[PDB]
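> Input structure: target39.txt, which contains compact mmCIF, C-alpha atoms.
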```
# COMPACT_ATOMS: atom_id res chain seq x y z
CA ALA U 1 6.36 139.12 63.57
CA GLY U 2 6.48 142.88 64.14
CA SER U 3 9.66 144.93 63.84
CA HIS U 4 12.99 143.21 64.37
CA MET U 5 16.72 143.66 64.31
CA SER U 6 18.14 142.54 60.93
CA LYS U 7 19.70 139.07 60.67
CA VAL U 8 21.60 137.17 57.99
CA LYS U 9 20.07 133.90 56.82
CA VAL U 10 22.35 130.87 56.89
CA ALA U 11 22.09 127.23 55.83
CA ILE U 12 24.07 124.13 56.77
CA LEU U 13 25.33 121.92 53.99
CA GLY U 14 25.83 118.47 55.56
CA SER U 15 23.61 116.42 57.85
CA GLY U 16 26.14 114.54 60.03
CA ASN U 17 27.36 115.23 63.54
CA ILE U 18 29.14 118.48 62.72
CA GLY U 19 26.15 119.84 60.82
CA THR U 20 23.79 118.89 63.65
CA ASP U 21 26.11 120.44 66.25
CA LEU U 22 26.19 123.65 64.18
CA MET U 23 22.41 123.71 64.08
CA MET U 24 22.22 123.53 67.88
CA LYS U 25 24.63 126.46 68.19
CA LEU U 26 22.97 128.55 65.46
CA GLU U 27 19.64 128.44 67.40
CA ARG U 28 21.29 130.65 70.03
CA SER U 29 22.56 133.26 67.58
CA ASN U 30 20.89 136.61 67.64
CA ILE U 31 22.44 137.76 64.36
CA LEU U 32 22.28 134.54 62.25
CA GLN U 33 18.96 132.99 61.26
CA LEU U 34 19.27 129.30 60.34
CA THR U 35 16.75 128.43 57.64
CA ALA U 36 17.81 125.11 56.15
CA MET U 37 19.83 121.92 56.31
CA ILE U 38 20.96 120.39 53.01
CA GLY U 39 21.70 116.70 52.62
CA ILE U 40 21.62 114.02 49.94
CA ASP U 41 19.51 111.32 51.64
CA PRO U 42 15.84 112.00 52.47
CA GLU U 43 16.13 109.40 55.27
CA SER U 44 19.06 111.13 56.93
CA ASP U 45 18.90 111.21 60.72
CA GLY U 46 20.21 114.80 60.78
CA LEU U 47 17.62 115.99 58.25
CA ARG U 48 14.91 114.40 60.40
CA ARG U 49 16.23 116.29 63.44
CA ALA U 50 16.24 119.55 61.43
CA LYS U 51 12.72 118.93 60.06
CA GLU U 52 11.46 118.30 63.59
CA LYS U 53 12.97 121.63 64.68
CA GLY U 54 11.07 123.59 62.04
CA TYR U 55 13.82 124.16 59.45
CA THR U 56 13.59 123.60 55.74
CA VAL U 57 15.27 120.34 54.72
CA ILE U 58 16.68 119.70 51.27
CA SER U 59 17.69 116.17 50.32
CA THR U 60 18.86 116.90 46.77
CA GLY U 61 22.31 118.27 47.72
CA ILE U 62 23.96 121.48 46.57
CA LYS U 63 21.77 121.62 43.43
CA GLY U 64 18.64 121.55 45.57
CA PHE U 65 19.91 124.51 47.60
CA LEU U 66 20.84 126.44 44.44
CA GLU U 67 17.22 125.98 43.31
CA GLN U 68 16.18 127.90 46.46
CA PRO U 69 19.13 130.32 46.84
CA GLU U 70 17.07 132.85 48.85
CA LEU U 71 17.24 130.43 51.82
CA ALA U 72 20.70 131.71 52.81
CA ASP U 73 23.49 134.20 52.22
CA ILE U 74 26.08 132.28 54.30
CA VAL U 75 26.46 128.50 53.97
CA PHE U 76 28.38 126.26 56.37
CA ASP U 77 29.97 123.29 54.62
CA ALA U 78 29.99 120.39 57.06
CA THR U 79 30.42 117.61 54.53
CA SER U 80 33.90 116.48 53.40
CA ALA U 81 37.03 117.93 51.77
CA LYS U 82 36.41 116.05 48.51
CA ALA U 83 32.81 117.30 48.31
CA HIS U 84 33.78 120.85 49.25
CA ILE U 85 35.66 121.51 45.98
CA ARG U 86 32.49 121.47 43.90
CA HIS U 87 30.35 123.08 46.64
CA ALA U 88 32.84 125.98 46.83
CA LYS U 89 32.84 126.53 43.06
CA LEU U 90 29.03 126.51 42.81
CA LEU U 91 28.40 128.56 45.97
CA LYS U 92 30.84 131.27 44.84
CA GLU U 93 29.17 131.39 41.42
CA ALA U 94 25.76 131.82 43.15
CA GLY U 95 27.19 134.75 45.14
CA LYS U 96 27.01 132.95 48.50
CA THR U 97 29.60 133.23 51.27
CA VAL U 98 30.82 129.86 52.56
CA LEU U 99 32.41 128.65 55.83
CA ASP U 100 34.42 125.49 55.11
CA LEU U 101 34.54 123.21 58.15
CA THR U 102 36.44 120.57 56.14
CA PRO U 103 40.21 120.29 55.51
CA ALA U 104 39.66 121.20 51.82
CA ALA U 105 41.15 124.67 52.60
CA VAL U 106 40.18 126.25 49.29
CA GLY U 107 39.60 129.68 50.89
CA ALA U 108 41.32 131.95 53.39
CA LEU U 109 42.39 130.39 56.69
CA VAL U 110 40.92 132.28 59.62
CA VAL U 111 41.12 132.28 63.39
CA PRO U 112 38.46 134.75 64.59
CA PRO U 113 40.38 136.66 67.33
CA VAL U 114 43.58 136.77 65.22
CA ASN U 115 43.12 137.50 61.51
CA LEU U 116 39.37 137.56 60.70
CA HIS U 117 39.46 141.35 60.58
CA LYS U 118 41.49 141.13 57.28
CA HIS U 119 39.15 138.63 55.67
CA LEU U 120 35.69 140.05 56.19
CA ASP U 121 35.13 140.13 52.41
CA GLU U 122 36.35 136.65 51.45
CA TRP U 123 33.99 134.41 49.51
CA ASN U 124 35.26 131.29 51.28
CA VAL U 125 36.89 130.92 54.69
CA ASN U 126 38.41 127.82 56.20
CA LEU U 127 38.82 127.05 59.87
CA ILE U 128 42.22 125.27 59.63
CA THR U 129 42.22 122.55 62.30
CA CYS U 130 41.06 121.99 65.86
CA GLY U 131 44.63 122.39 67.10
CA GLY U 132 44.94 125.56 65.05
CA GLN U 133 41.76 127.14 66.47
CA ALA U 134 42.93 126.27 69.99
CA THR U 135 46.57 127.35 69.87
CA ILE U 136 47.01 129.95 67.14
CA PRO U 137 45.23 132.47 69.43
CA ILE U 138 47.93 131.83 72.03
CA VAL U 139 50.85 132.03 69.58
CA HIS U 140 49.47 135.36 68.37
CA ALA U 141 48.85 136.59 71.94
CA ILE U 142 52.59 136.12 72.48
CA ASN U 143 53.82 137.24 69.06
CA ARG U 144 52.01 140.58 69.21
CA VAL U 145 53.96 141.44 72.36
CA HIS U 146 57.27 139.91 71.39
CA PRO U 147 58.13 138.24 68.03
CA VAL U 148 58.05 134.44 68.19
CA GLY U 149 60.88 132.61 66.37
CA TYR U 150 59.59 129.10 67.02
CA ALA U 151 56.31 127.69 68.30
CA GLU U 152 55.46 124.06 68.89
CA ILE U 153 51.96 123.01 69.85
CA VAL U 154 50.97 119.59 71.15
CA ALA U 155 47.26 118.74 70.87
CA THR U 156 46.12 115.72 72.88
CA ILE U 157 42.59 114.55 72.02
CA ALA U 158 40.45 111.59 73.00
CA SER U 159 40.73 108.62 70.67
CA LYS U 160 36.94 108.49 70.47
CA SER U 161 37.11 111.85 68.65
CA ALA U 162 48.01 110.06 56.75
CA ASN U 163 45.46 112.01 58.76
CA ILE U 164 48.01 112.87 61.46
CA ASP U 165 50.69 114.01 59.06
CA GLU U 166 48.50 116.29 56.94
CA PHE U 167 46.85 117.97 59.93
CA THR U 168 50.11 118.64 61.79
CA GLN U 169 51.48 120.29 58.65
CA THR U 170 48.45 122.51 58.16
CA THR U 171 48.46 123.37 61.88
CA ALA U 172 52.21 124.07 61.81
CA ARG U 173 51.87 126.30 58.72
CA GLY U 174 48.89 128.03 60.35
CA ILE U 175 51.02 128.60 63.47
CA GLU U 176 53.54 130.37 61.19
CA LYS U 177 51.25 132.35 58.84
CA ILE U 178 48.40 133.22 61.22
CA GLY U 179 50.06 132.84 64.61
CA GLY U 180 53.12 134.73 63.43
CA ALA U 181 55.79 132.27 64.55
CA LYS U 182 58.72 132.13 62.15
CA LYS U 183 58.85 128.34 62.44
CA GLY U 184 56.04 126.17 63.69
CA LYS U 185 55.68 122.57 64.69
CA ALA U 186 52.54 120.64 65.57
CA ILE U 187 52.02 117.31 67.32
CA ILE U 188 48.68 115.56 67.57
CA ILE U 189 48.40 112.79 70.17
CA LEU U 190 45.44 110.42 70.55
CA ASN U 191 44.66 109.29 74.10
CA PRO U 192 42.58 106.09 74.60
CA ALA U 193 42.12 106.62 78.36
CA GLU U 194 38.67 105.81 79.76
CA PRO U 195 36.64 107.87 80.57
CA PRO U 196 37.54 110.05 77.53
CA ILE U 197 39.72 113.07 78.38
CA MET U 198 38.94 116.67 77.55
CA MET U 199 41.09 117.94 74.72
CA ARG U 200 44.35 119.41 75.98
CA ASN U 201 46.88 121.60 74.18
CA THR U 202 50.40 122.75 75.06
CA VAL U 203 51.95 125.81 73.42
CA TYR U 204 55.73 126.22 73.55
CA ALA U 205 57.03 129.50 72.17
CA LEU U 206 60.60 130.78 71.86
CA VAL U 207 60.68 134.56 71.58
CA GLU U 208 63.35 136.45 69.68
CA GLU U 209 65.93 138.97 70.86
CA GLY U 210 65.24 141.85 73.22
CA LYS U 211 64.22 142.27 76.85
CA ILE U 212 61.16 140.17 77.73
CA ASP U 213 58.24 142.07 79.28
CA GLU U 214 56.75 139.20 81.23
CA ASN U 215 53.71 141.02 82.59
CA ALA U 216 52.80 142.23 79.11
CA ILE U 217 53.03 138.74 77.67
CA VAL U 218 51.00 137.19 80.52
CA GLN U 219 48.30 139.88 80.30
CA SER U 220 48.14 139.39 76.52
CA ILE U 221 47.68 135.63 76.99
CA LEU U 222 45.02 136.03 79.71
CA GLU U 223 43.15 138.57 77.59
CA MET U 224 43.25 136.16 74.60
CA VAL U 225 41.93 133.32 76.77
CA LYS U 226 38.96 135.49 77.84
CA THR U 227 38.36 136.48 74.19
CA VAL U 228 38.26 132.84 73.00
CA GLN U 229 36.10 131.86 76.01
CA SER U 230 33.51 134.26 74.70
CA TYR U 231 32.74 131.85 71.86
CA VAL U 232 34.18 128.65 73.41
CA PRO U 233 33.04 128.66 77.08
CA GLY U 234 35.00 125.53 77.99
CA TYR U 235 38.32 126.91 76.73
CA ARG U 236 40.58 127.49 79.73
CA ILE U 237 44.20 127.93 80.73
CA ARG U 238 45.30 125.21 83.16
CA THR U 239 48.06 126.93 85.13
CA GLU U 240 49.76 130.25 84.69
CA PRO U 241 52.06 130.83 81.69
CA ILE U 242 55.49 129.36 82.47
CA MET U 243 58.57 131.43 81.62
CA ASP U 244 62.12 130.16 81.43
CA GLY U 245 64.41 132.58 79.62
CA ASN U 246 62.97 133.26 76.17
CA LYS U 247 60.74 130.16 76.41
CA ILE U 248 57.04 130.51 77.25
CA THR U 249 54.75 127.52 77.83
CA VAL U 250 50.96 127.73 78.02
CA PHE U 251 48.74 124.82 79.07
CA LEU U 252 45.16 124.75 77.74
CA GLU U 253 42.16 122.53 78.06
CA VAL U 254 39.12 122.73 75.79
CA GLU U 255 35.90 121.29 77.11
CA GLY U 256 33.17 121.10 74.49
CA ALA U 257 29.76 122.66 74.98
CA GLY U 258 27.99 119.31 74.73
CA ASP U 259 25.38 120.68 72.25
CA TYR U 260 25.29 117.53 70.17
CA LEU U 261 28.95 116.52 70.14
CA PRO U 262 30.04 115.07 73.50
CA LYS U 263 31.90 117.35 75.89
CA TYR U 264 35.07 115.30 75.42
CA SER U 265 35.02 116.18 71.67
CA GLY U 266 36.30 119.71 72.29
CA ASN U 267 38.51 119.40 69.20
CA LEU U 268 35.35 119.10 67.07
CA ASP U 269 33.31 121.54 69.15
CA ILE U 270 35.92 124.28 68.81
CA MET U 271 35.49 124.04 65.03
CA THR U 272 31.72 124.59 65.08
CA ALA U 273 32.03 127.26 67.80
CA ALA U 274 34.72 129.09 65.79
CA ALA U 275 32.63 128.72 62.60
CA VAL U 276 29.58 130.30 64.25
CA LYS U 277 31.75 133.11 65.62
CA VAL U 278 33.29 133.74 62.18
CA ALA U 279 29.84 133.72 60.54
CA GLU U 280 28.51 136.23 63.08
CA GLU U 281 31.37 138.63 62.38
CA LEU U 282 30.87 138.24 58.64
CA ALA U 283 27.16 138.82 59.21
CA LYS U 284 27.66 142.09 61.11
CA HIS U 285 30.03 143.29 58.39
CA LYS U 286 27.55 142.39 55.65
CA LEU U 287 24.64 144.04 57.45
CA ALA U 288 26.60 147.28 57.90
CA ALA U 289 27.63 147.37 54.26
CA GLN U 290 24.31 146.79 52.56
CA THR U 291 22.53 149.20 50.26
CA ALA U 292 26.11 150.51 49.76
```
Could you rewrite the structure in this file as structure tokens?

Amino acid sequence: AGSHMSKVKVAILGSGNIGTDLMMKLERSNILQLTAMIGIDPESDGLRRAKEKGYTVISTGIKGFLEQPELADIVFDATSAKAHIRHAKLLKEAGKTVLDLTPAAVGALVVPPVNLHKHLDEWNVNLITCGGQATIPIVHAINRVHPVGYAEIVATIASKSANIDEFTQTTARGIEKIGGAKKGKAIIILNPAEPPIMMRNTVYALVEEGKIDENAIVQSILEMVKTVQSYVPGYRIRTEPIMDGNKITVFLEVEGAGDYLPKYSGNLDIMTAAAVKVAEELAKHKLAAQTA
């Protein structure tokens, strides 16, 4: 105790691997204060972990949290898309802000260095997909220098991390709407190689008409890579951006932080890292607005 900088209280709905990984990351936040983990099974292994770490645990689900709504202003939903529909309805009615880490995609799709600044007041934000969080920054880095007519991303993840079809479509539509590409295509590839590989992504972009300012595009991409690295330290470009005519190719690799998820699960880790980053920017916005 004493005097302190203001923080926003947050709670994690879900007690599985994603929820536990979020909890590890939230401990390092200086603007978010994690207070509680919410599950449905009092014997949950993730609730035990959270109890041990000093947090409030709730094993009576969303209703149990809504009985103690002062625990949190921002809730991370790390359960499932089917469960998120009711969670979203009830959390919005209780005036809480929610970060959806599921594919339910009820709220606004956000990538923090691209379009978060237009969504600081949303009730519900969704983090799209791992491939989206990894590559939409790059598509945008290019599109804001020179309009992109077509972008294809190829996400290769370790096998140990209609699923494929639905995720490629949401990624591809995210590449268009948030990345800015007129047409987008997404490929997800699962690689069984042992030891497990770090997640890799390839971004192909075809830019539209006009003279190409190569230095400007490359500096925009390198700047984006640094910006993402600030909340995903293992996010890196593998070689320089390749130019051939109006075609630009960027090679990425995404090593996970290894907080609770393994380092080779960078596709899952980027989701919790991007969620924490989004919640921090929402938190700073909320703190600046209050009593007003």
> Would you work out the distance separating CA of residue 140 in chain U from CA of residue 115 in chain U, expressed in Å to one decimal?
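Computed distance, CA of residue 140 in chain U to CA of residue 115 in chain U, equals 9.6 Å.
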> Using only C-alpha atoms, can you list as a list in words the residues within 7 Å of (41.1, 124.1, 79.3)?
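Residues with an atom close enough to that point: residues 200, 234, 235, 236, 237, 238, 252, 253, 254 and 255 of chain U.
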> Near residue 129 in chain U, counting all atoms listed in the file, which residues have an atom at most 9 Å away, once you skip same-chain residues fewer than 3 positions from it, shown as a list in words?
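Listing them by chain and then by number gives residues 101, 102, 103, 126, 132, 133, 134, 167, 168, 170, 171, 174, 267 and 271 of chain U.
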> I need the chosen residues saved as a compact mmCIF listing (two decimals), keeping the file's coordinate frame, with C-alpha atoms.

```txt
# COMPACT_ATOMS: atom_id res chain seq x y z
CA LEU U 101 34.54 123.21 58.15
CA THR U 102 36.44 120.57 56.14
CA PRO U 103 40.21 120.29 55.51
CA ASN U 126 38.41 127.82 56.20
CA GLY U 132 44.94 125.56 65.05
CA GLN U 133 41.76 127.14 66.47
CA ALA U 134 42.93 126.27 69.99
CA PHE U 167 46.85 117.97 59.93
CA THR U 168 50.11 118.64 61.79
CA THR U 170 48.45 122.51 58.16
CA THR U 171 48.46 123.37 61.88
CA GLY U 174 48.89 128.03 60.35
CA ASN U 267 38.51 119.40 69.20
CA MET U 271 35.49 124.04 65.03
```
> Enter the distance from CA of residue 91 in chain U to CA of residue 7 in chain U, in Å, rounded to one decimal.
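Interatomic distance here is 20.1 Å.
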> Counting all atoms listed in the file, which residue out of U:284, U:185, U:87, U:92 sits closest to residue 9 in chain U?
U:284
> List the neighbours of range 52-68 of chain U out to 7 Å using only C-alpha atoms; skip same-chain residues closer than 3 positions along the sequence, and give me the result as a list in words.
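Once the adjacent positions are removed, what remains is residues 35, 36, 37, 38, 39, 40, 41, 42, 47, 48, 49, 71 and 87 of chain U.
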> Which value, in Å to one decimal, gives the distance between CA of residue 111 in chain U and CA of residue 8 in chain U?
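Pair CA of residue 111 in chain U / CA of residue 8 in chain U returns 20.8 Å.
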> Excluding same-chain residues fewer than 4 positions from residue 16 in chain U, what lies within 9 Å of it counting all atoms listed in the file, as an NGL selection string?
:U and (20-21 or 39 or 44-47 or 78-79)
> Counting all atoms listed in the file, which residues have an atom no more than 9 Å from (40.5, 129.8, 52.3) in the file's coordinates? Please list them as an mmCIF file with C-alpha atoms, in the coordinates of the input.

```
data_model
loop_
_atom_site.group_PDB
_atom_site.id
_atom_site.type_symbol
_atom_site.label_atom_id
_atom_site.label_comp_id
_atom_site.auth_asym_id
_atom_site.auth_seq_id
_atom_site.Cartn_x
_atom_site.Cartn_y
_atom_site.Cartn_z
ATOM 1 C CA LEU U 99 32.410 128.650 55.830
ATOM 2 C CA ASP U 100 34.420 125.490 55.110
ATOM 3 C CA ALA U 104 39.660 121.200 51.820
ATOM 4 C CA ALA U 105 41.150 124.670 52.600
ATOM 5 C CA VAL U 106 40.180 126.250 49.290
ATOM 6 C CA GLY U 107 39.600 129.680 50.890
ATOM 7 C CA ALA U 108 41.320 131.950 53.390
ATOM 8 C CA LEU U 109 42.390 130.390 56.690
ATOM 9 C CA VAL U 110 40.920 132.280 59.620
ATOM 10 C CA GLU U 122 36.350 136.650 51.450
ATOM 11 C CA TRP U 123 33.990 134.410 49.510
ATOM 12 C CA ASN U 124 35.260 131.290 51.280
ATOM 13 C CA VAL U 125 36.890 130.920 54.690
ATOM 14 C CA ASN U 126 38.410 127.820 56.200
ATOM 15 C CA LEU U 127 38.820 127.050 59.870
ATOM 16 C CA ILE U 128 42.220 125.270 59.630
#
```
> Produce a table with one row for each residue of range 168-210 of chain U that has an atom at most 6 Å from any atom of range 153-160 of chain U, each row naming the nearest atom pair and its distance in Å at one decimal; use all atoms listed in the file; arrange rows by chain and rising residue number; format as a Markdown table.

```
| residue | atom | partner | partner_atom | distance |
| --- | --- | --- | --- | --- |
| U:186 | CA | U:153 | CA | 4.9 |
| U:187 | CA | U:154 | CA | 4.6 |
| U:188 | CA | U:155 | CA | 4.8 |
| U:189 | CA | U:156 | CA | 4.6 |
| U:190 | CA | U:159 | CA | 5.0 |
| U:191 | CA | U:158 | CA | 4.9 |
| U:192 | CA | U:159 | CA | 5.0 |
| U:196 | CA | U:158 | CA | 5.6 |
| U:197 | CA | U:158 | CA | 5.6 |
| U:199 | CA | U:157 | CA | 4.6 |
| U:200 | CA | U:156 | CA | 5.1 |
| U:201 | CA | U:155 | CA | 4.4 |
| U:202 | CA | U:154 | CA | 5.1 |
| U:203 | CA | U:153 | CA | 4.5 |
```
> Residues at most 12 Å from residue 25 in chain U, counting all atoms listed in the file, excluding those fewer than 4 positions away in the same chain, as an MDAnalysis selection string?
chainID U and resid 12 18:21 29:30 32:34 231:232 256:261 269:277 279:280
> Would you save the residues of that selection, restricted to C-alpha atoms, as a JSON list (two decimals), in the frame of the given file?

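Printed below is result_30.json as written:
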```json
[["chain", "number", "residue", "atom", "x", "y", "z"],
["U", 12, "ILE", "CA", 24.07, 124.13, 56.77],
["U", 18, "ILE", "CA", 29.14, 118.48, 62.72],
["U", 19, "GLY", "CA", 26.15, 119.84, 60.82],
["U", 20, "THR", "CA", 23.79, 118.89, 63.65],
["U", 21, "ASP", "CA", 26.11, 120.44, 66.25],
["U", 29, "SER", "CA", 22.56, 133.26, 67.58],
["U", 30, "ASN", "CA", 20.89, 136.61, 67.64],
["U", 32, "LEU", "CA", 22.28, 134.54, 62.25],
["U", 33, "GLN", "CA", 18.96, 132.99, 61.26],
["U", 34, "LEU", "CA", 19.27, 129.30, 60.34],
["U", 231, "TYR", "CA", 32.74, 131.85, 71.86],
["U", 232, "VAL", "CA", 34.18, 128.65, 73.41],
["U", 256, "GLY", "CA", 33.17, 121.10, 74.49],
["U", 257, "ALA", "CA", 29.76, 122.66, 74.98],
["U", 258, "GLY", "CA", 27.99, 119.31, 74.73],
["U", 259, "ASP", "CA", 25.38, 120.68, 72.25],
["U", 260, "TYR", "CA", 25.29, 117.53, 70.17],
["U", 261, "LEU", "CA", 28.95, 116.52, 70.14],
["U", 269, "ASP", "CA", 33.31, 121.54, 69.15],
["U", 270, "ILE", "CA", 35.92, 124.28, 68.81],
["U", 271, "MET", "CA", 35.49, 124.04, 65.03],
["U", 272, "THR", "CA", 31.72, 124.59, 65.08],
["U", 273, "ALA", "CA", 32.03, 127.26, 67.80],
["U", 274, "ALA", "CA", 34.72, 129.09, 65.79],
["U", 275, "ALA", "CA", 32.63, 128.72, 62.60],
["U", 276, "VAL", "CA", 29.58, 130.30, 64.25],
["U", 277, "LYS", "CA", 31.75, 133.11, 65.62],
["U", 279, "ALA", "CA", 29.84, 133.72, 60.54],
["U", 280, "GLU", "CA", 28.51, 136.23, 63.08]]
```
> When you get a chance, write out N, CA, C and O atoms for range 170-189 of chain U, as a compact mmCIF listing (two decimals), keeping the file's coordinate frame.

```txt
# COMPACT_ATOMS: atom_id res chain seq x y z
N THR U 170 49.27 121.32 58.30
CA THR U 170 48.45 122.51 58.16
C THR U 170 48.45 123.32 59.46
O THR U 170 48.52 124.56 59.43
N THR U 171 48.39 122.65 60.61
CA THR U 171 48.46 123.37 61.88
C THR U 171 49.78 124.12 61.98
O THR U 171 49.79 125.33 62.25
N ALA U 172 50.90 123.43 61.71
CA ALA U 172 52.21 124.07 61.81
C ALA U 172 52.32 125.27 60.88
O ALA U 172 52.80 126.34 61.30
N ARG U 173 51.85 125.14 59.63
CA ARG U 173 51.87 126.30 58.72
C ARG U 173 50.92 127.40 59.17
O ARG U 173 51.21 128.58 58.98
N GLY U 174 49.75 127.03 59.73
CA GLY U 174 48.89 128.03 60.35
C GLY U 174 49.55 128.72 61.54
O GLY U 174 49.39 129.93 61.74
N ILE U 175 50.27 127.97 62.37
CA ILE U 175 51.02 128.60 63.47
C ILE U 175 51.96 129.68 62.94
O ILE U 175 52.08 130.76 63.52
N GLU U 176 52.66 129.39 61.81
CA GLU U 176 53.54 130.37 61.19
C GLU U 176 52.77 131.55 60.59
O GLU U 176 52.98 132.70 60.98
N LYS U 177 51.87 131.27 59.63
CA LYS U 177 51.25 132.35 58.84
C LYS U 177 50.24 133.17 59.65
O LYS U 177 50.17 134.39 59.49
N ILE U 178 49.41 132.51 60.44
CA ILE U 178 48.40 133.22 61.22
C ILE U 178 48.88 133.52 62.64
O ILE U 178 48.67 134.62 63.14
N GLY U 179 49.53 132.56 63.29
CA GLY U 179 50.06 132.84 64.61
C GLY U 179 51.21 133.83 64.58
O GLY U 179 51.37 134.63 65.50
N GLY U 180 52.01 133.81 63.53
CA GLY U 180 53.12 134.73 63.43
C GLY U 180 54.46 134.15 63.82
O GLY U 180 55.46 134.87 63.77
N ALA U 181 54.51 132.88 64.22
CA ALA U 181 55.79 132.27 64.55
C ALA U 181 56.60 132.09 63.27
O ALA U 181 56.06 131.73 62.23
N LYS U 182 57.90 132.33 63.35
CA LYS U 182 58.72 132.13 62.15
C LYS U 182 58.75 130.67 61.74
O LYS U 182 58.68 130.35 60.55
N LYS U 183 58.86 129.77 62.70
CA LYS U 183 58.85 128.34 62.44
C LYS U 183 57.87 127.72 63.39
O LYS U 183 57.80 128.10 64.57
N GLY U 184 57.10 126.77 62.90
CA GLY U 184 56.04 126.17 63.69
C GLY U 184 56.13 124.66 63.59
O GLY U 184 56.59 124.11 62.59
N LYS U 185 55.72 124.01 64.66
CA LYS U 185 55.68 122.57 64.69
C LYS U 185 54.40 122.18 65.42
O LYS U 185 54.00 122.84 66.38
N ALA U 186 53.77 121.10 64.96
CA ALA U 186 52.54 120.64 65.57
C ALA U 186 52.62 119.14 65.82
O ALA U 186 53.15 118.38 65.00
N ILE U 187 52.12 118.72 66.97
CA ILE U 187 52.02 117.31 67.32
C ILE U 187 50.58 117.06 67.70
O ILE U 187 49.98 117.84 68.46
N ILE U 188 49.99 116.01 67.15
CA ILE U 188 48.68 115.56 67.57
C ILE U 188 48.87 114.19 68.20
O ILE U 188 49.62 113.35 67.67
N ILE U 189 48.29 114.01 69.37
CA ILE U 189 48.40 112.79 70.17
C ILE U 189 46.99 112.31 70.46
O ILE U 189 46.12 113.12 70.81
```
